[PDB]
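Reproduced below: data-v7.pdb, with PDB, C-alpha atoms.
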ATOM      1  CA  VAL A   1      -4.472 -15.863 -12.078
ATOM      2  CA  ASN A   2      -4.053 -13.306  -9.217
ATOM      3  CA  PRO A   3      -2.446 -10.173 -10.592
ATOM      4  CA  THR A   4       1.091  -9.077  -9.773
ATOM      5  CA  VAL A   5       2.018  -5.396  -9.661
ATOM      6  CA  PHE A   6       5.349  -3.710  -9.116
ATOM      7  CA  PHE A   7       6.644  -0.504  -7.619
ATOM      8  CA  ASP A   8      10.093   0.864  -8.481
ATOM      9  CA  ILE A   9      11.157   2.829  -5.414
ATOM     10  CA  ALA A  10      13.431   5.881  -5.333
ATOM     11  CA  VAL A  11      15.067   7.666  -2.467
ATOM     12  CA  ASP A  12      15.600  11.396  -3.079
ATOM     13  CA  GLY A  13      15.310  10.468  -6.761
ATOM     14  CA  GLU A  14      17.973   7.772  -6.719
ATOM     15  CA  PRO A  15      16.798   4.248  -7.587
ATOM     16  CA  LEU A  16      16.574   1.811  -4.658
ATOM     17  CA  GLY A  17      14.911  -1.265  -6.096
ATOM     18  CA  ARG A  18      11.692  -3.004  -7.057
ATOM     19  CA  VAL A  19       8.957  -4.449  -4.876
ATOM     20  CA  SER A  20       6.286  -6.714  -6.370
ATOM     21  CA  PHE A  21       2.972  -7.669  -4.837
ATOM     22  CA  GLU A  22       0.490 -10.462  -5.318
ATOM     23  CA  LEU A  23      -3.053  -9.074  -5.118
ATOM     24  CA  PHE A  24      -5.644 -11.477  -3.736
ATOM     25  CA  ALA A  25      -8.292 -10.901  -6.385
ATOM     26  CA  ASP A  26      -9.742 -14.337  -5.595
ATOM     27  CA  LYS A  27     -10.651 -13.235  -2.050
ATOM     28  CA  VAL A  28     -11.122  -9.446  -2.334
ATOM     29  CA  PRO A  29     -11.735  -8.689  -5.985
ATOM     30  CA  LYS A  30     -13.068  -5.134  -5.599
ATOM     31  CA  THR A  31     -10.228  -4.070  -3.322
ATOM     32  CA  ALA A  32      -7.574  -5.784  -5.434
ATOM     33  CA  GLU A  33      -8.879  -4.154  -8.596
ATOM     34  CA  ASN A  34      -8.662  -0.650  -7.096
ATOM     35  CA  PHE A  35      -4.991  -1.146  -6.250
ATOM     36  CA  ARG A  36      -4.237  -2.789  -9.588
ATOM     37  CA  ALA A  37      -5.829   0.017 -11.589
ATOM     38  CA  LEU A  38      -4.144   2.741  -9.507
ATOM     39  CA  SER A  39      -0.830   0.973 -10.170
ATOM     40  CA  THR A  40      -1.259   0.904 -13.964
ATOM     41  CA  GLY A  41      -2.791   4.395 -14.057
ATOM     42  CA  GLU A  42      -5.288   3.188 -16.637
ATOM     43  CA  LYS A  43      -8.164   5.270 -15.206
ATOM     44  CA  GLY A  44      -6.098   8.458 -15.614
ATOM     45  CA  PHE A  45      -4.803   8.777 -12.082
ATOM     46  CA  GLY A  46      -2.818   6.636  -9.681
ATOM     47  CA  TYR A  47       0.297   5.900  -7.742
ATOM     48  CA  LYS A  48       3.072   6.801 -10.146
ATOM     49  CA  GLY A  49       5.158   9.623  -8.701
ATOM     50  CA  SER A  50       3.535   9.531  -5.256
ATOM     51  CA  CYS A  51       5.385   9.193  -1.966
ATOM     52  CA  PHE A  52       5.439   7.156   1.185
ATOM     53  CA  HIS A  53       4.620   9.811   3.743
ATOM     54  CA  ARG A  54       4.664   7.722   6.938
ATOM     55  CA  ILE A  55       7.235   5.013   7.712
ATOM     56  CA  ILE A  56       7.496   3.626  11.245
ATOM     57  CA  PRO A  57      10.230   1.021  11.586
ATOM     58  CA  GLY A  58       9.018  -2.191  13.143
ATOM     59  CA  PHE A  59       5.428  -1.390  12.203
ATOM     60  CA  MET A  60       4.641  -0.249   8.658
ATOM     61  CA  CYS A  61       5.187   1.850   5.567
ATOM     62  CA  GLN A  62       2.178   3.885   4.450
ATOM     63  CA  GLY A  63       1.594   5.441   1.053
ATOM     64  CA  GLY A  64      -0.986   6.024  -1.620
ATOM     65  CA  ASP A  65      -1.935   9.635  -1.001
ATOM     66  CA  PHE A  66      -1.371  10.855  -4.519
ATOM     67  CA  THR A  67      -3.449  14.063  -4.108
ATOM     68  CA  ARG A  68      -2.072  15.673  -0.949
ATOM     69  CA  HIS A  69       1.122  13.680  -0.251
ATOM     70  CA  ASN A  70       0.599  13.654   3.487
ATOM     71  CA  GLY A  71      -2.121  11.218   4.490
ATOM     72  CA  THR A  72      -5.109  13.542   4.044
ATOM     73  CA  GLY A  73      -5.898  12.739   0.404
ATOM     74  CA  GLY A  74      -6.319  10.038  -2.178
ATOM     75  CA  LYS A  75      -9.318   8.576  -3.911
ATOM     76  CA  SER A  76     -10.387   5.200  -5.244
ATOM     77  CA  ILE A  77     -11.403   4.230  -8.764
ATOM     78  CA  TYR A  78     -15.002   3.913  -7.444
ATOM     79  CA  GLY A  79     -15.229   7.405  -5.962
ATOM     80  CA  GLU A  80     -13.852   9.188  -2.937
ATOM     81  CA  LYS A  81     -14.495   6.223  -0.656
ATOM     82  CA  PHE A  82     -15.615   2.602  -0.850
ATOM     83  CA  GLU A  83     -16.816  -0.079   1.542
ATOM     84  CA  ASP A  84     -14.872  -2.640   3.529
ATOM     85  CA  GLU A  85     -15.187  -5.633   1.213
ATOM     86  CA  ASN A  86     -14.564  -8.408   3.752
ATOM     87  CA  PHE A  87     -12.136  -9.325   6.524
ATOM     88  CA  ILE A  88     -11.300 -12.851   5.372
ATOM     89  CA  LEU A  89      -7.551 -12.270   5.439
ATOM     90  CA  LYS A  90      -5.545 -11.362   8.530
ATOM     91  CA  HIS A  91      -2.446  -9.339   9.337
ATOM     92  CA  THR A  92      -0.182 -12.326   9.799
ATOM     93  CA  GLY A  93       3.280 -10.831   9.544
ATOM     94  CA  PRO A  94       5.677  -8.744   7.498
ATOM     95  CA  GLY A  95       4.799  -8.196   3.855
ATOM     96  CA  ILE A  96       1.033  -7.919   4.213
ATOM     97  CA  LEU A  97      -0.658  -5.204   2.129
ATOM     98  CA  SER A  98      -3.692  -3.638   3.805
ATOM     99  CA  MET A  99      -5.985  -0.643   3.298
ATOM    100  CA  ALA A 100      -5.619   2.482   5.394
ATOM    101  CA  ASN A 101      -8.931   4.055   6.437
ATOM    102  CA  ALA A 102     -10.575   6.648   8.674
ATOM    103  CA  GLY A 103     -13.487   4.610   9.987
ATOM    104  CA  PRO A 104     -15.832   1.946   8.683
ATOM    105  CA  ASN A 105     -16.251   1.911   4.908
ATOM    106  CA  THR A 106     -13.854   4.740   4.034
ATOM    107  CA  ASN A 107     -11.292   3.022   1.811
ATOM    108  CA  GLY A 108      -9.666   5.277  -0.779
ATOM    109  CA  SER A 109      -6.209   4.814  -2.284
ATOM    110  CA  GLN A 110      -4.033   4.725   0.806
ATOM    111  CA  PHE A 111      -2.521   1.463   1.938
ATOM    112  CA  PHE A 112       0.227   0.171   4.152
ATOM    113  CA  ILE A 113       2.854  -2.535   3.884
ATOM    114  CA  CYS A 114       3.295  -4.202   7.246
ATOM    115  CA  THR A 115       6.791  -4.872   8.489
ATOM    116  CA  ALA A 116       5.566  -6.633  11.642
ATOM    117  CA  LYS A 117       2.612  -8.801  12.630
ATOM    118  CA  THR A 118      -0.176  -6.318  13.390
ATOM    119  CA  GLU A 119      -3.003  -8.482  14.679
ATOM    120  CA  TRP A 120      -4.828  -5.608  16.354
ATOM    121  CA  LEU A 121      -5.796  -4.417  12.851
ATOM    122  CA  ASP A 122      -7.676  -7.634  12.008
ATOM    123  CA  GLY A 123     -11.314  -6.934  11.267
ATOM    124  CA  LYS A 124     -10.750  -3.183  10.893
ATOM    125  CA  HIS A 125      -8.460  -2.924   7.834
ATOM    126  CA  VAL A 126      -8.990  -4.977   4.697
ATOM    127  CA  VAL A 127      -5.990  -7.145   3.756
ATOM    128  CA  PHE A 128      -5.731  -7.647   0.010
ATOM    129  CA  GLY A 129      -2.194  -8.554  -0.976
ATOM    130  CA  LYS A 130       1.331  -9.440  -0.010
ATOM    131  CA  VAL A 131       4.882  -8.725  -1.052
ATOM    132  CA  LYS A 132       6.033 -11.380  -3.513
ATOM    133  CA  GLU A 133       9.523 -10.156  -4.447
ATOM    134  CA  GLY A 134      11.682  -7.473  -2.912
ATOM    135  CA  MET A 135      10.880  -7.676   0.769
ATOM    136  CA  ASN A 136      14.535  -6.655   1.146
ATOM    137  CA  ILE A 137      13.676  -3.373  -0.574
ATOM    138  CA  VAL A 138      10.849  -2.776   1.907
ATOM    139  CA  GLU A 139      13.346  -3.425   4.697
ATOM    140  CA  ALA A 140      15.711  -0.868   3.118
ATOM    141  CA  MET A 141      12.872   1.711   2.947
ATOM    142  CA  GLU A 142      12.099   1.162   6.574
ATOM    143  CA  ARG A 143      15.523   2.533   7.466
ATOM    144  CA  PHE A 144      14.473   6.018   6.321
ATOM    145  CA  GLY A 145      11.538   6.116   8.728
ATOM    146  CA  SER A 146      11.358   7.237  12.330
ATOM    147  CA  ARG A 147       9.312   6.753  15.484
ATOM    148  CA  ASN A 148       6.841   9.520  14.572
ATOM    149  CA  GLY A 149       6.673   8.379  10.954
ATOM    150  CA  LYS A 150       8.482  11.262   9.285
ATOM    151  CA  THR A 151      10.937  10.105   6.655
ATOM    152  CA  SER A 152      14.517  11.358   6.534
ATOM    153  CA  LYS A 153      14.582  11.215   2.723
ATOM    154  CA  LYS A 154      11.797  11.395   0.154
ATOM    155  CA  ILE A 155      10.631   7.875  -0.726
ATOM    156  CA  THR A 156       8.731   7.775  -4.005
ATOM    157  CA  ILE A 157       7.140   5.347  -6.405
ATOM    158  CA  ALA A 158       9.188   6.266  -9.459
ATOM    159  CA  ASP A 159       7.347   3.783 -11.666
ATOM    160  CA  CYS A 160       4.656   1.169 -11.234
ATOM    161  CA  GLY A 161       2.528  -1.195 -13.229
ATOM    162  CA  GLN A 162       1.415  -4.734 -13.799
ATOM    163  CA  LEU A 163       3.697  -7.739 -14.389
TER     164      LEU A 163
END

Take the structure in the file and give it back as structure tokens.
Amino acid sequence: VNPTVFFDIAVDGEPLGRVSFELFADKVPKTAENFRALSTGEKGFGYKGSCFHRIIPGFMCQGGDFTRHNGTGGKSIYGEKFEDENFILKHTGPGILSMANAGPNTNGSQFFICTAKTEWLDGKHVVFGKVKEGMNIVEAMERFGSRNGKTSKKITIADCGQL
């Protein structure tokens, strides 16, 4: 019953592979729905064609800024921002999908895929999914990152949608 969405990842335009995510709509329905809808593009905007603009190996990959491509943009399907839905789920290890934000109740479209346990984020970022298939592809993406987060090649979501 929880939805599954996929990203097909490209590196400098060359296909890398597919990552799929389970979205925890049972626990965080509003947050899950935002990500789902941005992944299908059904509202007229979304993730297709957008980049990962900050990848720090041993920490996380961050994406979802489809308006400014650098961490300063994005918007949700509910408006510019929306509230922190709950903090039921924790950052338990690699593969966790969590919302980026700029303070309390400022969730937009940006998210990060953890590649480490990041327990210091618990109660401050809303966890709403996990990698289901293709964690190996996330690990491959991580190799293009750097300590300061700049990527050495352009990592894009070449296609995305619901499975």

Inset, instruction - Quote the spacing between CA of residue 104 (chain A) and CA of residue 125 (chain A) in Å to one decimal place. - result: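 Atom-to-atom, CA of residue 104 (chain A) and CA of residue 125 (chain A) are spaced 8.9 Å apart.
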
Inset, instruction - Find, counting all atoms listed in the file, the residue in A:90, A:117, A:54, A:132 that gets nearest to residue 153 (chain A). - result: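 Ranking A:90, A:117, A:54, A:132 by distance to residue 153 (chain A), first place goes to A:54.
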
Inset, instruction - Mind listing whatever residues come within 8 Å of the point (2.5, -10.4, -9.9)? Use all atoms listed in the file, file coordinates, and give them as a PyMOL selection string. - result: chain A and resi 2-6+20-23+132+162-163

Legend entry - Counting only C-alpha atoms, the option among A:77, A:18, A:139, A:53 closest to residue 152 (chain A): A:53

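Take the candidates A:32, A:126, A:89, A:155 and check each one against residue 107 (chain A) using all atoms listed in the file; the shortest distance goes to A:126.
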
Inset, instruction - Between A:102, A:96, A:114, A:60, single out the one closest to residue 73 (chain A), counting only C-alpha atoms. - result: A:102

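Within the 8 Å cut-off around residue 9 (chain A), using only C-alpha atoms and omitting residues fewer than 4 positions from it on the same chain, the listed residues are residues 15, 16, 17, 18, 19, 155, 156, 157, 158 and 159 of chain A.
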
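Nearest residue to residue 141 (chain A), choosing from A:30, A:154, A:124, A:81 and counting only C-alpha atoms: A:154.
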
Legend entry - Distance query residue 149 (chain A) at most 10 Å, only C-alpha atoms, self and fewer than 5 positions along chain excluded, as number ranges by chain: A: 52-57, 59-62, 144

Legend entry - Selection result of the PyMOL selection byres ((chain A and resi 43-47) around 12) on this file, as a VMD selection string: chain A and resid 5 to 9 33 to 42 48 to 52 63 to 67 69 74 to 79 108 to 111 156 to 161

Region 136-144 of chain A, all listed atoms, 3 Å padding on each side: what axis-aligned box centre and edge lengths in Å to one decimal come out, as JSON?
{"center_x": 13.3, "center_y": -0.3, "center_z": 3.4, "size_x": 10.9, "size_y": 18.7, "size_z": 14.0}

Legend entry - Residue with smallest distance to residue 142 (chain A) - pool A:1, A:88, A:25, A:113, counting only C-alpha atoms: A:113

Inset, instruction - Could you tell me how far CA of residue 93 (chain A) lies from CA of residue 140 (chain A), in Å and to one decimal? - result: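 CA of residue 93 (chain A) sits 17.2 Å away from CA of residue 140 (chain A).
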
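CA of residue 83 (chain A) is positioned 16.8 Å from CA of residue 24 (chain A).
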
Missing atoms in region 121-146 of chain A: can you complete it with N, CA, C and O atoms, as a CSV table (one decimal), keeping the file's coordinate frame?
chain,number,residue,atom,x,y,z
A,121,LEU,N,-5.1,-5.0,14.0
A,121,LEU,CA,-5.8,-4.4,12.9
A,121,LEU,C,-6.8,-5.4,12.2
A,121,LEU,O,-7.6,-4.9,11.4
A,122,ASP,N,-6.8,-6.6,12.6
A,122,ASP,CA,-7.7,-7.6,12.0
A,122,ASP,C,-9.1,-7.3,12.3
A,122,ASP,O,-9.5,-7.0,13.4
A,123,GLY,N,-9.9,-7.3,11.2
A,123,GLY,CA,-11.3,-6.9,11.3
A,123,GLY,C,-11.6,-5.5,11.2
A,123,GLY,O,-12.8,-5.1,11.2
A,124,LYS,N,-10.6,-4.6,11.0
A,124,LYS,CA,-10.8,-3.2,10.9
A,124,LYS,C,-10.1,-2.6,9.6
A,124,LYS,O,-10.5,-1.5,9.1
A,125,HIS,N,-9.1,-3.3,9.1
A,125,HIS,CA,-8.5,-2.9,7.8
A,125,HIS,C,-8.5,-4.1,6.9
A,125,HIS,O,-8.2,-5.2,7.3
A,126,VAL,N,-8.8,-3.9,5.7
A,126,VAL,CA,-9.0,-5.0,4.7
A,126,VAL,C,-7.7,-5.4,4.0
A,126,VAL,O,-7.1,-4.6,3.3
A,127,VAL,N,-7.2,-6.6,4.3
A,127,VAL,CA,-6.0,-7.1,3.8
A,127,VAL,C,-6.3,-7.6,2.4
A,127,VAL,O,-7.3,-8.3,2.1
A,128,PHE,N,-5.4,-7.3,1.4
A,128,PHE,CA,-5.7,-7.6,0.0
A,128,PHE,C,-4.5,-8.0,-0.8
A,128,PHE,O,-4.6,-8.2,-2.0
A,129,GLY,N,-3.3,-8.1,-0.2
A,129,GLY,CA,-2.2,-8.6,-1.0
A,129,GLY,C,-1.0,-8.9,-0.1
A,129,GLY,O,-1.1,-8.7,1.1
A,130,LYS,N,0.1,-9.2,-0.7
A,130,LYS,CA,1.3,-9.4,0.0
A,130,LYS,C,2.5,-9.1,-0.9
A,130,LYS,O,2.4,-9.2,-2.2
A,131,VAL,N,3.6,-8.8,-0.3
A,131,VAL,CA,4.9,-8.7,-1.1
A,131,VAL,C,5.3,-10.1,-1.5
A,131,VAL,O,5.3,-11.1,-0.8
A,132,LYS,N,5.6,-10.2,-2.8
A,132,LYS,CA,6.0,-11.4,-3.5
A,132,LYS,C,7.5,-11.4,-3.7
A,132,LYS,O,8.2,-12.4,-3.5
A,133,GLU,N,8.1,-10.3,-4.2
A,133,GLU,CA,9.5,-10.2,-4.4
A,133,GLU,C,9.9,-8.8,-3.9
A,133,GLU,O,9.1,-7.9,-3.9
A,134,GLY,N,11.1,-8.7,-3.4
A,134,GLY,CA,11.7,-7.5,-2.9
A,134,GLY,C,11.3,-7.1,-1.5
A,134,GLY,O,11.3,-5.9,-1.2
A,135,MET,N,11.1,-8.0,-0.6
A,135,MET,CA,10.9,-7.7,0.8
A,135,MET,C,12.1,-7.0,1.3
A,135,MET,O,12.0,-6.1,2.2
A,136,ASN,N,13.3,-7.3,0.8
A,136,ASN,CA,14.5,-6.7,1.1
A,136,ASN,C,14.5,-5.2,0.8
A,136,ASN,O,15.1,-4.4,1.5
A,137,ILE,N,13.8,-4.8,-0.2
A,137,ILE,CA,13.7,-3.4,-0.6
A,137,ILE,C,12.8,-2.7,0.4
A,137,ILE,O,13.0,-1.5,0.8
A,138,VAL,N,11.7,-3.3,0.8
A,138,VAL,CA,10.8,-2.8,1.9
A,138,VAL,C,11.7,-2.6,3.2
A,138,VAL,O,11.6,-1.5,3.8
A,139,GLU,N,12.5,-3.6,3.5
A,139,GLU,CA,13.3,-3.4,4.7
A,139,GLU,C,14.3,-2.2,4.6
A,139,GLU,O,14.5,-1.5,5.5
A,140,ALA,N,14.8,-2.0,3.4
A,140,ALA,CA,15.7,-0.9,3.1
A,140,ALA,C,14.9,0.5,3.3
A,140,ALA,O,15.5,1.4,3.8
A,141,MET,N,13.7,0.5,2.8
A,141,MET,CA,12.9,1.7,2.9
A,141,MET,C,12.6,2.0,4.4
A,141,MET,O,12.6,3.2,4.8
A,142,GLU,N,12.4,1.0,5.2
A,142,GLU,CA,12.1,1.2,6.6
A,142,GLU,C,13.2,2.0,7.3
A,142,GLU,O,12.9,2.7,8.2
A,143,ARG,N,14.4,1.8,6.8
A,143,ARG,CA,15.5,2.5,7.5
A,143,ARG,C,15.4,4.1,7.4
A,143,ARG,O,16.1,4.8,8.1
A,144,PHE,N,14.6,4.6,6.5
A,144,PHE,CA,14.5,6.0,6.3
A,144,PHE,C,13.3,6.6,7.2
A,144,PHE,O,13.1,7.8,7.2
A,145,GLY,N,12.6,5.7,7.9
A,145,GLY,CA,11.5,6.1,8.7
A,145,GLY,C,12.0,6.6,10.1
A,145,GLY,O,13.2,6.7,10.4
A,146,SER,N,11.1,6.8,11.0
A,146,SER,CA,11.4,7.2,12.3
A,146,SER,C,10.2,6.9,13.2
A,146,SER,O,9.1,6.5,12.8
